[PDB]
Amino acid sequence: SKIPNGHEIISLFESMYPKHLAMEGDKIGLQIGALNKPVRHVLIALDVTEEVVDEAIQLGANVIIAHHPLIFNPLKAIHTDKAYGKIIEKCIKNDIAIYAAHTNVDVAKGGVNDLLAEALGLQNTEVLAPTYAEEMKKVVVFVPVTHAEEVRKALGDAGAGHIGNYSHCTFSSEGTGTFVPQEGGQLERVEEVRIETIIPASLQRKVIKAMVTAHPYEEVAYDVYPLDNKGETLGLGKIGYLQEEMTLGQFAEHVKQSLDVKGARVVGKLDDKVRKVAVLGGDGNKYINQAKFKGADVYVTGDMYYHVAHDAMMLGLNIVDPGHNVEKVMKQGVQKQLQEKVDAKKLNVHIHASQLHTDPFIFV
Amino acid sequence: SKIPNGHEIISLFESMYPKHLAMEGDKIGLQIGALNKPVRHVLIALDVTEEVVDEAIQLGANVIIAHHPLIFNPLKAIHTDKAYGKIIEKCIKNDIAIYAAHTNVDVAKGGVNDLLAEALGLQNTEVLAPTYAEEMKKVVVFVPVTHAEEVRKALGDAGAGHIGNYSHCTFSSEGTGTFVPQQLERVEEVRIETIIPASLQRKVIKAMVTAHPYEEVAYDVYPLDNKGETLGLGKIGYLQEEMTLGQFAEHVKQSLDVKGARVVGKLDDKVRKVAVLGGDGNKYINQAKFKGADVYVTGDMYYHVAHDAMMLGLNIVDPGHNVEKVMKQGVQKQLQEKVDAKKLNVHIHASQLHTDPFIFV
Amino acid sequence: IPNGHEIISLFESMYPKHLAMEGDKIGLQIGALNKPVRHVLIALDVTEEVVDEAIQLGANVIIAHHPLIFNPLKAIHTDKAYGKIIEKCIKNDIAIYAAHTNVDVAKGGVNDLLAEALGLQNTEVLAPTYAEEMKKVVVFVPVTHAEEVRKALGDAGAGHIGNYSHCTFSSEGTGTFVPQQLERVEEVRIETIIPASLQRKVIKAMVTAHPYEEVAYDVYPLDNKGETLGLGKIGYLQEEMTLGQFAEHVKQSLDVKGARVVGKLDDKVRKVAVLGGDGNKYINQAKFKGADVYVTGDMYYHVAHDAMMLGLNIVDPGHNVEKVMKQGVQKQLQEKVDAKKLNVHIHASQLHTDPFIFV
Amino acid sequence: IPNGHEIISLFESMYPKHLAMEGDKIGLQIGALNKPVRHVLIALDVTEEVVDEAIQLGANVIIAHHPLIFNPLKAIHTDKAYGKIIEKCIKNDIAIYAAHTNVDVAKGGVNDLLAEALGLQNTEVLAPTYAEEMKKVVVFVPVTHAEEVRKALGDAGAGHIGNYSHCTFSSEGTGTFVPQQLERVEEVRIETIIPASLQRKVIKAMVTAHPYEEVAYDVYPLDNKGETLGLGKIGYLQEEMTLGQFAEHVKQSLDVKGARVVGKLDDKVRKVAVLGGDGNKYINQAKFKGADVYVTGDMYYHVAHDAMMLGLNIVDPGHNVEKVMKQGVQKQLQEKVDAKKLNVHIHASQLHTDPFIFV
Ligand SMILES: [Zn+2]
Ligand SMILES: [Zn+2]
Ligand SMILES: [Zn+2]
Ligand SMILES: [Zn+2]
Ligand SMILES: [Zn+2]
Ligand SMILES: [Zn+2]
Ligand SMILES: [Zn+2]
Ligand SMILES: [Zn+2]
């Protein structure tokens, strides 16, 4: 086993939560410290409070992966006399790296919103509010029949032609290519195979490199066509169906047990029937129209504003607000996912899920 | 025959004047009321003044389709003591729905500008200010050899592959496909390609997929550089015979039925190529002139813009913005023709009220 | 005896307007171009002295690297030095054409000139700004004429990529059609790549050679890019030198009496980035591309400190060092005009316009 | 043994925060000030070397002319040179206080220092930025105590204008009141001018001296202005010199190895404008105020051409020439701290932080 550096770990985290998934104006990535150093232990956090930093010190963790950015507004100053400046100071003095994974963990499959849908027992889920759809490309490559099969394998293994429940999708037809080699007017002609395969733009670099390697030629002719086809839609929140119909009052209880909270606020008549549920961890005030358009009976989200809640009653949308802190499910979730990746790659790192409770609110 | 609801009528209207054609920032669509109600009479209006509302009420029209949005500036208040708030109040209290059809009516074929150009007698008209080109797509589908022939009929039956004097154009290549369901798998397939305008995309792709074996169809949609017809604001075309600027200005008054007009340019100058754009066309004097217009017909001509026109060497006849009134009988005919085809018993009316605020003296 | 229009058309084929950056002020700034033109003056800055030189030469067009009108004019004040430059251009019918960042970007431009003047080897673009679009042309042809069509396509310049020319790929298949009972024909689908700019010419040649009046062809946008152009160049000295001697080498090469240096005169230098004009924006790109030193003008204090923190050395010979573009463009434009057998003389302003004197 | 707070309070009485320009970044940038402080380091730029000097001195406060944090931090990257400066300030509990344009503006500031270093006579502010507000205080007093009240007013600093002190104007008249039938009394209306800053002190003294518990007084805003402060200084050399010798005189006076000059080395120079830092914005003001030459740093090419067109000469010794503010402020701050009998040592960074070396 090898002790990895921060960059390697981070590079394996980003395989599951890429930075292009993050939303317009979001603040993610390395925020404090450096990653070019041996990392024996990592901490997954929701909020980087001072008590969370104390925890990282008692564990020997020199990298904290947090969901909410520690620096959100850019720092005009670092006041060590203040609670906030003391967190940055504690991180800096103790060589602790702080990495933010914000909206990219909200948007990605297996992220906050999937974790909350599972927790709730929701079935047949769909993205609630689409924010990202990968641009698709058609790669067409020309290869002699001697190397055609080898080139298809390389494209496939590298992830090209992986749409739905089928992988290694390609199409090949035979034809003739012409060329006139130049200085360094003789018309040549060669029977060839035209191989085409679809790719998501993010896989372009890796797929082209594998293709070129397998290809017997040094100078390779291939085309990349942009297509109108989009990849799987990704976005904020999930909308799905409960296993059985319930009233809002008992659904609300189910949210409490299910999401481990002592209290919640509910908008709507507690005796109304609810079957399809929308959930969006964090501040989801902006998606009440989407939730209703998609047909939700109830919407589970945090930070519900008074005026937005009147807007929701007017739409005919029920709401259960278990608090923004229910996104805490992301710690144990990311901890599993990440431990799994570092174990698959023989790395000697222990990942931890912060135990500290960081909900600023107590229901009385 | 049966009585339609507002949404059915509005669908038919929108098939001729698609909403996507409106300028960014325009205010179009349902502005007041609801459309999920029976509609026996519809009134077509340019401006929704209070008398137009009295006219609908009198006809029993519970939908008014208007060219100029009743609500343009969003409402901070509804002051029923002011004339504007009285109009809104009147619509609300008599359950009249107001629907706006603004720049989409200026941009579409058969719209305001085609109507004004036809009224002026213009030949060989072209779009004055391009705003929309339909985009073409190449559709490529993979069908097993056994149903390839059917899929091509299917695609061609929905109009894909109409190139000049030929129809049902598709090209098919024999090849081999590979895939792995989650082992080495090969199928002999046919790659079929056909060209469609983007409007036919949803239709053609239904007729392809439904007529396809796997139903979990492998197909690609390529954007092409090839474009379809161009749409935009205003028309530019030619008079049947040459005339002076003064004769042409008199032609405008007769054609568009106005009592006075304002002319910029020498009345003795000869005119042959005419540009026209109903409404406020100040921003297009340059475009008019770049296209060889001897004279531009538009409304709301402003001082410094008229002086800009003189400098360019472009003559202008301003018969007023109100000449867009031609849209009332135009849309009425188009819409009554449509509703009668679908067998809906609804009467479409054109507002008989003169709404030009200006009187020439 | 040609027009300004024909002479500027030849200039633009070498320095296209689309190469220019976001809010650049290029093109005809003062005057008219539909006038007979016997002499053309190439300049960096249009100073009143440069306008006098033009008058003395009998030149009625000045092509300048720096736009005379950069900020739009709220007035033309004739008792002010600036209004007087404008005044005499007008009174002596001198047309002022601006060629700014297109000359910074294009081949043989300001940065190619500085790089070759510094003796840099294996140069690459520093900061990419343009890449020409490529398209895929696909045409359907009966077998009997496929070869004629491919030849037309290649002779016209399609499929000219890398060390190869006349590259096409043809597949045989079935085309169906119902002439105004589906008819079917064996056909050839020929595809070939083109740069966007060759489209009209290639299509025209392909159509002429096609056996039919109705030609079915498609033009696809590709993500493939043509050649990359940009700002500045990064390359290598033939031999390693200290920062101190490289700095002298810059003064000798670019003929400047002085230069300001950021970094240790004693440390070693081999890879050099250069960008004429104000290149404060690009220190990061320079360091990232591996430059041991960056030659640029107008270096600001706080940006020199940033450069230092990056571990990037600087030699600042002044922005005026772009003067190379004067004899550069003159040579390139005289070659174009002579090839077109036009009787015009292109002159490069001789006037020194660096405001700075080093003490 | 004092706090950072008490030491910074003394600094601010000399360099107030309100003097600073629009979007300036001043005040405590990193650290805390409620810590015992034995040594203070004055710096221009907070480079990693300057932080090391502080550590070596045992200084836990650095007052710098250039804000260490100018652009707000989106991150603190510890493997980057900039993040490392920030890292060690934090790890060694060094507080970084920024004193920017208030030090450019205040008396004895960067521009007073440069002017006196150049030996300029009869200096005036170049570009006005601040003028203290004046108020008129009017108080009503019975005749028997009018004189006591006026004396209180003057001893407290009211009516101190020009070469005069204790200036008041008193009028006699009738005051009416209905105590909780109008009552009337002969009274004196005393008026006097004050600077806005003396208000609390003056009012407090006036009230104490007034014979009554209820004091009727008014404070009026006036358009009268106090002393004007601003950017740069304009003044005269003791004797006329050529532009070439003035340029040497600048290198000798400001201890710089090089300078860039705009203008003819041979023409005559007498009135000089100076502005430390980046003074590109002010060439117009300099010329309008009659400067025969303008000393400033960071001169940009196109702005030198503008200067030329104005007929304004320039000597550019670099922005680093503001280093004078280091021993300047140290001297001024040591004098304040010693007067308050505080046992603190103020040190001026010895490190040379000019990134430019002239070749
Ligand atoms: Zn959150
Ligand atoms: Zn979140
Ligand atoms: Zn209109
Ligand atoms: Zn209108
Ligand atoms: Zn330049
Ligand atoms: Zn340049
Ligand atoms: Zn400064
Ligand atoms: Zn300063």
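Chain A is the first sequence line, chain B the second, and so forth, proteins listed ahead of strands; every chain is numbered from 1.
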> Are the side chain of A:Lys76 and the backbone of D:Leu73 linked by a donor-acceptor contact shorter than 3.5 Å?
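Between the backbone of D:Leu73 and the side chain of A:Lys76 there is no qualifying donor-acceptor contact (under 3.5 Å).
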> Test side-chain contact (heavy atoms from CB on, under 4.5 Å) on D:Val125 and D:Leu229; report intermediate values, then the result.
CA-CA 7 Å; D:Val125 175; D:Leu229 297 169; 5.5 Å; no
> Judged by atom type as modelled, is there a donor-acceptor pair below 3.5 Å linking the side chain of D:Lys341 to the main-chain atoms of D:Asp338?
no
> Indicate the atoms forming the closest heavy-atom contact of D:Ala307 with D:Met299, along with that distance.
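Taking every non-hydrogen atom into account, CB-CE, 3.8 Å.
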> What do you reckon, is CD of D:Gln334 surrounded by more than 12 foreign heavy atoms closer than 6.0 Å?
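Yes, CD of D:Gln334 has more than 12 neighbouring heavy atoms, counting only those of other groups under 6.0 Å.
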> Only counting residues at least two apart or in another chain, list the ones meeting side chain to side chain donor-acceptor pair (under 3.5 Å) with D:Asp298.
D:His319
> Kindly determine whether C:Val250 and C:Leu118 satisfy side-chain contact (heavy atoms from CB on, under 4.5 Å), including the steps that lead there.
CA-CA 7 Å; C:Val250 174; C:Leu118 297 170; 4.1 Å; yes
> Do D:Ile76 and A:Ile88 touch side chain to side chain, with heavy atoms closer than 4.5 Å?
yes
> State the CD1-CD1 distance between D:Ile357 and C:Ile314, to the nearest 0.5 angstrom.
13.5 Å
> Apply side chain to side chain donor-acceptor pair (under 3.5 Å) to D:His77 and list each qualifying residue two or more places apart in sequence or on a separate chain.
none
> Counting only heavy atoms from other residues, nucleotides and ligands, does the tally under 6.0 Å from NZ of D:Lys17 exceed 12?
yes
> Do the side chains of D:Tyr15 and D:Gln332 get nearer than 4.5 Å, heavy atoms only?
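D:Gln332 vs D:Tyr15: side chains touch.
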> Taking D:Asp292 for the side chain and D:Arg270 for the main chain, is one N or O donor matched with an acceptor at less than 3.5 Å?
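Yes; at least one donor-acceptor contact below 3.5 Å.
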> Do C:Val262 and C:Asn313 have side chains that get closer than 4.5 Å, going by heavy atoms?
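C:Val262 vs C:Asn313: side chains apart.
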> Give me the atom names and distance for the closest heavy-atom approach of D:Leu28 to D:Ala95.
CD1-CB, 4.1 Å
> Quick check: are there more than 12 heavy atoms from other residues, nucleotides or ligands sitting under 6.0 Å from NZ of A:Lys93?
yes
> Is it true that atom OH of C:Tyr300 has more than 12 heavy atoms of other residues, nucleotides or ligands lying nearer than 6.0 Å?
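Above 12, so yes.
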> If you measure from CD1 on D:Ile55 to CG on D:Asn92, what distance do you get to the nearest 0.5 Å?
3.5 Å
> Among side-chain atoms of D:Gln285 and D:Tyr294, is any donor-acceptor pair under 3.5 angstrom?
no
> Calculate, to the nearest 0.5 Å, the distance between atoms NZ and NZ belonging to D:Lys331 and D:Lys336 respectively.
11.0 Å
> Checking the side chain of D:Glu53 only, and the main-chain atoms of D:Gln350 only, is there a donor and an acceptor separated by less than 3.5 Å?
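Side chain of D:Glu53 to backbone of D:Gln350, a donor-acceptor pair under 3.5 Å: yes, one is there.
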> Which heavy-atom pair separates D:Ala286 from D:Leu126 by the least distance, and what is that distance?
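Heavy-atom minimum between the residues: CA-CD1, 3.7 Å.
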> Over all heavy atoms of both residues, which pair between D:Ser349 and D:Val50 is shortest? Give the atoms and the distance, please.
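Answer, listing the atom of D:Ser349 first, then D:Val50: OG-CG2, 3.6 Å.
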> How would you list, by chain and number, every residue that makes a side-chain contact (heavy atoms from CB on, under 4.5 Å) with D:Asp104, sequence neighbours excluded?
D:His65, D:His100, D:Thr101, D:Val110, D:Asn111, D:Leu231, D:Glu322
> May I ask you to test the D:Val40-D:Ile7 pair for a side-chain heavy-atom distance under 4.5 Å?
yes
> Looking at A:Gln31 and A:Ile71, would you say the former's side chain and the latter's main chain have a donor-acceptor pair under 3.5 Å?
yes
> Roughly how far apart are A:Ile92 CD1 and D:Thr78 OG1, rounded to 0.5 Å?
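Going from the CD1 atom of A:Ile92 to the OG1 atom of D:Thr78 covers 7.0 Å.
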> If we ignore hydrogens and angles and just use 3.5 Å, is the side chain of D:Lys323 paired with the main-chain N or O of D:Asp354 as donor and acceptor?
no
> Does any non-hydrogen side-chain atom of C:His352 lie less than 4.5 Å from one of C:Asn320?
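Touching, per the 4.5 Å side-chain cut-off.
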> Taking side-chain contact (heavy atoms from CB on, under 4.5 Å) as the definition, give me every residue that meets it alongside D:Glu124, ordered by chain and number, with sequence neighbours left out.
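Applying side-chain contact (heavy atoms from CB on, under 4.5 Å) to D:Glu124 gives D:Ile234.
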> At their closest point, which heavy atom of C:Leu243 faces which heavy atom of C:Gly263, and how far apart are they?
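It is CD2-C, 3.7 Å.
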> Taking it one step at a time, do D:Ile94 and D:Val61 satisfy side-chain contact (heavy atoms from CB on, under 4.5 Å)?
CA-CA 6 Å; D:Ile94 293 181; D:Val61 179; over 6 Å; no
> Check whether any side-chain heavy atom of C:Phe358 sits under 4.5 Å from a side-chain heavy atom of C:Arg260, and report yes or no.
yes
> Could you state the interatomic distance from CG (C:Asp45) to CE (D:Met308), rounded to the nearest 0.5 Å?
9.5 Å
> Hey, are D:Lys251 and D:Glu248 close enough for a salt bridge, meaning a charged N less than 4.0 Å from a carboxylate O?
yes
> Give the C-alpha distance, both sets of side-chain angles, the deciding distance and a yes or no for side-chain hydrogen bond (donor to acceptor under 3.5 Å, both in side chains) between D:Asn3 and D:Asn34.
CA-CA 6 Å; D:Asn3 268 161; D:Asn34 52 353; over 6 Å; no
> Taking salt bridge (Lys or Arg N to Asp or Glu O under 4.0 Å) as the cut-off, I'd like each qualifying pair that reaches into residues 275-291 of chain C, sequence neighbours left out, listed once.
none
> Is D:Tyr82 atom OH crowded by more than 12 heavy atoms from other residues, nucleotides or ligands, each under 6.0 Å away?
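Counting neighbours around OH of D:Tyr82, more than 12 heavy atoms of other residues, nucleotides or ligands fall under 6.0 Å, so yes.
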> Just checking C:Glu240: does its CD atom have more than 12 heavy atoms from other residues, nucleotides or ligands closer to it than 6.0 angstrom?
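More than 12 within 6.0 Å, yes.
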> Is a donor on one side and an acceptor on the other found under 3.5 Å between the side chain of C:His305 and the backbone of D:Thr353?
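The answer is yes, because a donor-acceptor pair under 3.5 Å joins these two groups.
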> So, D:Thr296 side chain and D:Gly279 main chain: donor-acceptor pair closer than 3.5 Å or not?
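Side chain of D:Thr296 to backbone of D:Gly279, a donor-acceptor pair under 3.5 Å: yes, one is there.
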> With C:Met241, which residues qualify under side-chain contact (heavy atoms from CB on, under 4.5 Å), at least two apart?
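By the side-chain contact (heavy atoms from CB on, under 4.5 Å) rule, C:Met241 matches C:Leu237, C:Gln245, C:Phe246, C:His249.
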> Is it true that D:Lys88 and D:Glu48 have a side-chain N and a carboxylate O under 4.0 angstrom from each other?
yes
> What I'd like to find out is whether the side chain of C:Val261 reaches to under 4.5 Å of the side chain of D:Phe356, using heavy atoms alone.
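In short, these two side chains do not touch, never coming nearer than 4.5 Å.
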> Please report the interatomic distance CD1(D:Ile96) to CD1(D:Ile62), rounded to the nearest 0.5 Å.
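Reported value, rounded in 0.5 Å steps: 4.0 Å.
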> With a 4.5 Å limit on heavy-atom distance, are the side chains of D:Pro317 and D:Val295 in contact?
yes
> Can you list the steps and then say if D:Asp266 with D:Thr242 is a side-chain contact (heavy atoms from CB on, under 4.5 Å)?
CA-CA 6 Å; D:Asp266 278 347; D:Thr242 76; 5.6 Å; no
> Count the heavy atoms belonging to other residues, nucleotides or ligands that lie under 6.0 Å from NZ of C:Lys271, then report whether that count exceeds 12.
yes
> Which atom names give the shortest non-hydrogen contact between D:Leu10 and D:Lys340, and what distance separates them?
CD2-CG, 3.7 Å
> Do the charged groups of D:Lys233 and D:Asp112 touch, with an N to O distance under 4.0 Å?
yes
